[PDB]
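Shown here: start-v3.cif, mmCIF, C-alpha atoms.
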```cif
data_query
#
loop_
_atom_site.label_atom_id
_atom_site.label_comp_id
_atom_site.auth_asym_id
_atom_site.auth_seq_id
_atom_site.Cartn_x
_atom_site.Cartn_y
_atom_site.Cartn_z
CA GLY A 1 11.44 8.74 7.55
CA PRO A 2 9.10 11.75 7.65
CA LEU A 3 11.30 14.30 9.38
CA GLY A 4 14.17 14.34 11.80
CA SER A 5 15.86 11.23 12.93
CA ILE A 6 12.51 9.42 12.87
CA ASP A 7 12.93 6.48 10.52
CA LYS A 8 12.48 2.72 10.52
CA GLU A 9 16.32 2.42 10.63
CA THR A 10 15.94 -1.23 9.80
CA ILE A 11 18.09 -3.15 7.36
CA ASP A 12 15.67 -5.72 5.93
CA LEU A 13 12.32 -5.91 7.60
CA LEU A 14 12.36 -9.37 9.09
CA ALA A 15 8.74 -8.77 9.94
CA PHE A 16 6.74 -8.93 6.76
CA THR A 17 3.65 -7.07 5.85
CA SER A 18 1.59 -10.21 5.58
CA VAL A 19 -1.66 -8.76 4.28
CA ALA A 20 -3.14 -12.29 4.28
CA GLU A 21 -3.92 -11.57 7.87
CA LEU A 22 -5.87 -8.43 6.91
CA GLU A 23 -7.51 -10.29 4.07
CA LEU A 24 -9.09 -12.64 6.61
CA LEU A 25 -10.72 -9.61 8.30
CA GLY A 26 -12.63 -8.38 5.33
CA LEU A 27 -12.11 -6.69 2.00
CA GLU A 28 -13.17 -3.06 2.61
CA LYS A 29 -9.87 -2.30 4.38
CA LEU A 30 -8.06 -3.79 1.42
CA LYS A 31 -9.95 -1.63 -1.06
CA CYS A 32 -9.39 1.54 0.89
CA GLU A 33 -5.70 0.77 1.36
CA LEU A 34 -5.34 0.31 -2.42
CA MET A 35 -7.05 3.62 -2.92
CA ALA A 36 -4.61 5.16 -0.41
CA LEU A 37 -1.80 3.75 -2.58
CA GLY A 38 -3.35 5.52 -5.44
CA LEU A 39 -5.16 2.69 -7.13
CA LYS A 40 -8.84 2.27 -8.06
CA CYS A 41 -8.97 -0.69 -5.61
CA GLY A 42 -9.46 -2.97 -8.57
CA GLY A 43 -7.61 -5.94 -9.84
CA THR A 44 -7.88 -9.46 -8.64
CA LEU A 45 -7.95 -10.60 -4.99
CA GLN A 46 -4.39 -11.76 -5.65
CA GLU A 47 -3.42 -8.33 -7.08
CA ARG A 48 -4.86 -6.51 -4.10
CA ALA A 49 -3.02 -8.64 -1.61
CA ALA A 50 0.23 -8.48 -3.51
CA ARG A 51 0.38 -4.73 -3.82
CA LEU A 52 -0.39 -4.20 -0.16
CA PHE A 53 2.02 -6.91 0.86
CA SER A 54 4.78 -5.41 -1.20
CA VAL A 55 4.35 -1.97 0.44
CA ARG A 56 6.66 -3.49 3.10
CA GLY A 57 8.69 -0.67 4.63
CA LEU A 58 7.39 1.85 2.16
CA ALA A 59 5.80 4.94 3.52
CA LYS A 60 3.04 6.88 1.82
CA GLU A 61 5.49 9.33 0.28
CA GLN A 62 7.52 6.36 -1.03
CA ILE A 63 4.74 5.30 -3.32
CA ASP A 64 5.64 5.70 -7.01
CA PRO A 65 4.17 8.82 -8.76
CA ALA A 66 3.09 6.77 -11.79
CA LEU A 67 1.43 4.19 -9.59
CA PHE A 68 -1.24 6.78 -8.84
CA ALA A 69 -4.11 5.92 -11.15
CA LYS A 70 -6.87 6.78 -8.73
CA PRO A 71 -9.34 9.36 -10.07
CA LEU A 72 -8.90 12.24 -7.71
CA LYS A 73 -9.51 15.97 -8.20
CA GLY A 74 -7.60 16.80 -11.35
CA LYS A 75 -5.53 13.75 -11.93
CA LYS A 76 -6.60 10.40 -13.41
CA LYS A 77 -10.19 11.52 -13.04
#
```
Serialized structure, structure tokens:
Amino acid sequence: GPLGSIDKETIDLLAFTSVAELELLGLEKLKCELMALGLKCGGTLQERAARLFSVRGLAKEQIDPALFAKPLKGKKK
């Protein structure tokens, strides 16, 4: 987890991160969330959903360093 004994402590997240639900809400949330992953919020509708869906159980610090392609400050920009 972040620090301490704070963690998900779950072996296989039975509850999925079904982003299809979010996708019904709008698309702005989806774009921003991709940017928060470190992407340029691009790709196909399918791509956007898949990446967010697959972040199942992964925290922000568990996002791959090479996955960050978002133009920010002095990296990828």
Apply the PyMOL selection byres ((chain A and resi 54-68) around 8) to the displayed file and report the matching residues as a ChimeraX atom specification. /A:1,8,13,16-17,37-39,50-53,69-70,76
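Distance check against residue 20 (chain A) using only C-alpha atoms: of A:72, A:6, A:34, A:49, the minimum falls on A:49.
The space between CA of residue 30 (chain A) and CA of residue 45 (chain A) spans 9.4 Å.
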Take CA of residue 74 (chain A) and CA of residue 41 (chain A) and report the distance between them in Å, one decimal. 18.5 Å
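The spacing separating CA of residue 25 (chain A) from CA of residue 43 (chain A) amounts to 18.8 Å.
For the choices A:40, A:33, A:71, A:4, the atom-to-atom distance to residue 19 (chain A) is smallest for A:33 when using only C-alpha atoms.
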